[PDB]
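Engineer: Below are the C-alpha cells for one structure; questions will follow.
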Ligand code: HEM
Ligand code: HEM
C-alpha cells in the first residue's frame, strides 16, 4: 500500500554509513553478508515479514486488526473474540525478571582468533591453532542500576564473552577493573544490598553516593582498593571501546601433559583508553541515557568495529608464594611491571543483533562454563560465583532448558540423559535416559581425558586442612595496593579521584560516616586524605597525621599501566566532531574541514538552530543533523566553527553555551576567520592559548593542530582556567 | 556493639523534619502514630530487628556471617555449606517481572473521606456517610520507561487509588490528562510498542522522540488530542502534588432505586497545578533521576501531606446524545464549562511505606475492581482493559493468589470456594468447596441485591445489534478537541507546545514522517502548524494553507480549565528555596529571610562550595546542606543570595552559573546588599526588572516581593530575555 514513502527513504542502505546518516536497522538487514557459524545457525529461528499476512500465533489470518468484536458498533465486547484475547494475553506477559546485578547492558556479535598455537601451555582447542576463528557474543554492562537505568553513570562496567568453541561454550565473564570489592562470596549479598537503591524508598538509582554504600565501605577496608578505581575517571568511560577488561581471578591453564600454569586474563582496547569527566558524564545521563548503547550500535554500523587483544599474565606453579600479596586474593592486582601481559589473540565485534530481547536479554553467561585446558583455583569469591549463575536462570529464564534458548545453544554437539523440564525443545529418540544401559548399548558414552577431544577431568590439587569458615591471614592487608594505584596516577588524574570522593561523600547525610571514610584514606596516603577532608570541612587529628604509610608492593613504587593517560594511545578514528553552521557558510572552510576529517576516519555532525538545510556561499546545500540544543557538546569530541555569516549565530545563547560547556569539559575548539569573535565568550587572550586552534581560514595546518589535540583526548592544561567559567 | 555512633546520630527523629534535615526512614519508624485500618492490619506481617539474632530462614542462628565453609582457610568451598547456599539462593531470585507499562512509580498511604452522603445518586457504601473514612494506597507512575528509568521525563503520568471499602476493594486507576490516545483496546499493544524502546536496539528510554512513535501518530489521527497534552507543559509536572488526575472513561453510578447516572471522575490538586519547563526537566533527569520519588517521600515526612478533591461530572441518562462528541469516546473530554465538576470528598496522603518492594512493587490495581453502586459502560477501551489486569498478574505476581499478598488484601471479609494455586496462604476449613451443597448447609451463601450490604448485580442495559468488529461513526472526528485545548492555552503555554513538537520531531531521522505530522497539525490550527514547520525547515503547501478549521465543541470557543496557568492557584507551602552562603554572612539578612519563609511554610537549603559549616558575622554557626554543584538550581524554586563577604563566592563559576540557570528557568532571584553585584552576571539593568527582587538588606518587603513571585510559580514575562543567555 503506501504508508511507505516512494523514493524508498524509509529503508537504510545496507552498507556502512556514518553515525546518524540513516535510520539504524536489525543486523541482518543492515549487514546481510557478515556471517559466522553462530550467526548462520540462528537462521533457523529468524522470522521475516514482507509479503506476509498478519496472523494469529495459530496461523489464522486476521481481516480486522483495528476493532474488537462487539454486539453492535456502540455495544459491549464479547468474550468470544479470541483474536483480541490472544493479542492482549501475549502483551500482558512480555516481561521476564531482569538480571539481579548487571541488568543494564549492550551486546554485539563477532570473532576471536589466536596469534599462534598455545599448545605448550593449554590443551584448550579454541587456542590451539592461529587459523581457527571462534564465534563470540559479548555483552557490556554496568553493575547497580536496573535495565531502564542510564549508561554514563559512575560505576564498574561488566565485560562478558561467550566463546562458541568446538569442545563447548567457554564464558569469560569479567569487568573493567582488575580487582573486585569483596574477598569472600558469602558477603556478596551484603555488598550488593549496600550499593543498591535503599530498601525503604528505592533511591538512588545508578549511584553509590548514599549512606549505606559508604557505611559498608568504612566498615569493610577490603573494599577500598576497588572503590579507588570506581572513584577515578576509570568509573566513567567514553565508550565500551575505550576500556580494558579483566577476569579478576587467578585460573589454571592445563596442558596435554598435565602441567598446570596460573593465569590472569586481560582485554586490551585497540582504540586506547579514554574517559569522560564527571560534570560531563552526569549531565549526559540526562541529555542521552542511551549514549553508550547508541554509540556501540553505530560504531559497528559505520564499520568502526571494536577490537581487543586477549592477554595472559602467566605465573608458574612454583612462584605461587613469590609475591607479597596472595595470588588467590581477588582484591589484589598483579603489577604488569612484575608480571607482563603476553598478547595471545584478537577479538572483533562486527555485527549487531536483530532483536534485543531475544538475543541480548535472554543471554545467560556463567564463569563455570569452562572447557578442557582450563580449570579453577581456590579463590573464595570465584568458588561462590560458581554456585550462583546456574541457580539464577531457573527464575530469570524460566527453567533448566535455558541452553535451548537460541542465543545460548552450543554450535557443537551436546547429548546426555537429561529429560523434561519447562519448554523442552529437544525430542529425544534414545530408548535409554540413564546410564549404564545395555538397551541403546550405552550411548551416548563417557570419553577418557586426552590431548584433543577428551573428557573433562579436574586438576588433582592437594587439599589438607579442617572444615573451617575462616579467612586466610594472607588476605589481611588492605592498603598498599590502593596506594600503588594512587601513586601511579598523573596529577590531574589524582585531582579527579579527590573530587570523586568529595562529591560522593557530600551526599552522605550522616557525617560520622564521612569521617569514618576519611580515616581510612589517611591509612592509604595523607595527601589524598587532606584533600578530601578539606572539601568536606573535616580536620585531621594529629594522630591521623602520624599514621605510617603502607609498604610497597614487591618494592614497586608506581606502575604506569594503572593510569589511563600516562603512556598515551588514542584512536582518533571513530571519534565525532560538531561543526556549527550559519546561513552563509564559507565552503572553502567547510570542504577543507571535511576532507581532513574523512582522511583520519573522524565523523562530523553539521549542527544549526533549525532543522532542514542551509546553503553555503557557493549555493551548496547542507542538510542539518541536529540543533545545538538537540545534540549538545556533551555528545561530541571537539567543536569546529567555520567562517561565514557569523552574525547569525553570534547572538544565539545556545551556540555560545555550546562553546562554554565544551571548553569546560576540556575539549579542543577550532575557530576559523570571523568565528574567532567567540574567543570573547570563553574569555581568551588575543595572544591565544593551548587547545583553542584559530586561524584566518580552515586549512591543512589548522586541521593538523586540531587532529593532534584530538589524538591527545582532552586539553588537561586548561584545568586551572575552567574554575572561573560559569557553565 | 559500636558501629552505631553514640550521640545517637544514625537514627532520624520520629517527628516531622524539613527536607534533608535527617536521614529518611521506614514509615513506622518515622511516624509511629499515623495509623489507619489498612496500616494496622499489615502489623501481622511487619518484621523488626533490634536485639534479634541473625538466622537462617529456618530459624538456625548464624555464628560466622563473613566466611564460607572451606577445607582449610585457603582451600575449596564445600557443597555442605547450607548457610551460604541459602543466602545466595534467595539473592539469585530477588526480582519479579516489572509492570509491562507504568513500571516506574511511587506510592503512599492515606485516607479518603466524603463531604456528604451521595445516597441519592449511588448506593456505594464508601460514599454513603461523611463520617466514614476509607484507607487508600496510591501509586503515581510514568507510562514508557522501566522501573529504573528517570522521574522528570516528558510523558503521561498514572494516578491509581486503592480504596479499602467495607464492601470490597474499589480501584480507581486513572491518569493525569482527561482523554487517552486510542479508542479501541485492540490497538493498545501497537500503540505501546510504538512509544516503547525500538525492537532492534532498545533505544530510547523514557522518550517518544523517535521515529516509530511519530510514525504511528501520523497514521492514526485519533492519537492527536492526547499527544497535544503530552507536548504541553502538562507532560513535565513539578510534583505528583501539582497535577490533576482523571478516570478518563464514562462510568455509571447506580442508586438504591436502580437509577443509573453517567459520571466522569476528577482529582483536583489542593496545592495548585505547576510544571517544569523542558530544559529544566530534561537536565534534572541527569542531575537527580529520583526527583519525583524523593520529593513525595519528603513532603510526607515534613508533614506537607498531599491532598486532592474527588470531583464528579454527572450527566443524566437522557442527555446521552446531547453533545456533539460521543460520551463513550475516550479521546473526547467533557468541557467543564458544559458540565461542572462537583467536589465530593477529599484524600490525604500521610504515610510512606516501610518496604518499597513489598508494598509498592507487589501492588496490583485493576479497573474491574468495582463495588455495588458503580458499574461500567460500553466504552471500547474500558471494555478491553477489563480483560487485562487480571491476566497480567499471573506472571508478574506469580499466580491466582495475588490478593493474599499483604498490601492487596481486603480489610473486609472475603469467603468463596476457590481453592489451591501457587503460595496459597488460606487454610480452608469448609467441608465443601462447591455450591450448591448440603454438607456445610450451603455456606458461604449468595446475597440478593439491596440498598446496603447486597450482592453485585449488573445494570440491565439493552443491547441490540449484530456481532461486528466495527468502529461507531460517532467516534470519527479527530480535530475539534485538540483545537479547543490549543485555544484555551495562555500565549507562553502555546509557545511551549510549539517547542515540544519541534524538539521531538527534530529527533525523527526520516523527514517524510515529520512532514506527515505537520500536515495533521494544519488540520487543527494553522498558527500551530506554521510555527512547528518553521523550526523544522518545512514549507506549507498553499493547499495546507487552505484547510478549513474544525467546528467548535458545542459552541465553546475555549475553556480556561484546560490551561495550567490561566486562573491561578499556588501552594507556596512545601516549596523550597536555595540560599547561597559565603564565609561572613550577615545574620541580619539571614534571620529575616528564614523567619519569613518559616511563616509561609517554605523550606530553605543553605548551600556553599564546601561541606561542613560557616560562621555568620556574629559568630553563629551555619551547617551547609549541599554544595552549589551538589544541589543545582534545578532542584529548588527560587534563589536568595544574602549580603556578607560577597568577594568569596563572586569569582566562583558555580555560584554564578547557579544564578544563570535559575534565571533562564524563569525562577524568582532575590539579591540583598552587595549580592546585587551579580546583576552584572545575569545582565540586568540598574533600573531593575521583574522577577529580580533586590534591596539594601533582606527584610519584610524584600521577602514579600519574593513570596508573591513564588505564589505565581515562574516569571513568564522574562521569556523574551532568556534567549540571549548562555546557560
Ligand atoms: C570478580 C567478581 C565478579 C565479576 C568480574 C562478575 C561479573 C559479572 C558480569 C560481567 C555479569 C553480567 C552478565 C551479563 O552480562 O549477562 C555478572 C552477572 C551476575 N553475577 Fe557476577 N561477577 C562477580 C562476582 C559475583 C559474585 C560473588 C556472585 C555471586 C555469588 C555473582 C553473581 C552474579 C549473578 C547471579 C549474575 C547475574 C547472572 C546472570 O544473569 O546470568 N557475581 N557478573
Ligand atoms: C484510559 C486508559 C488507561 C488508563 C487511564 C490506564 C491507567 C493505568 C495505570 C495508572 C496503571 C498503573 C498501575 C500501577 O500503578 O500499579 C496501569 C497499568 C496497566 N494497564 Fe493501563 N490504562 C489505560 C489503558 C490500558 C489498556 C487499553 C490496557 C490493556 C488492554 C491497559 C493495560 C494495563 C496493564 C496490563 C497494566 C499493568 C497492570 C498491572 O500491573 O496491574 N491499560 N494502567
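Chain B residue numbers are taken from Swiss-Prot; in order, the displayed residues are 27-753.
Using N, Cα and C of the backbone, Cβ positions are placed for all residues, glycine too.
Got these off Swiss-Prot a minute ago, pasting:
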type     : residues  : note
ACT_SITE : B:128     : active site
ACT_SITE : B:201     : active site
BINDING  : B:415     : heme binding site
REGION   : B:459-493 : region 'Disordered'
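Give me the local environment of each listed feature.
Structural biologist: Proximity of residue B:128 (active site) to non-local residues of its own chain (separation of 6 or more, Cβ distance below 8 Å) is seen for B:167, B:168, B:169, B:184, given in sequence order.
Within 10 Å of the Cβ of residue B:201 (active site) there are 24 other Cβ atoms, across all protein chains.
For residue B:415 (heme binding site), the same-chain residues lying six or more positions away in sequence with a CB closer than 8 A to its CB are B:199, B:390, B:391, B:392, B:393, B:394. Annotation note: residue B:415 (heme binding site) sits in a helical segment as assigned by DSSP.
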Engineer: Provide the three-state DSSP residue tally for the region 'Disordered' (B:459-493): helix first, then strand, then coil.
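Structural biologist: So the region 'Disordered' (B:459-493) is made up of 0 helix, 1 strand, 34 coil.
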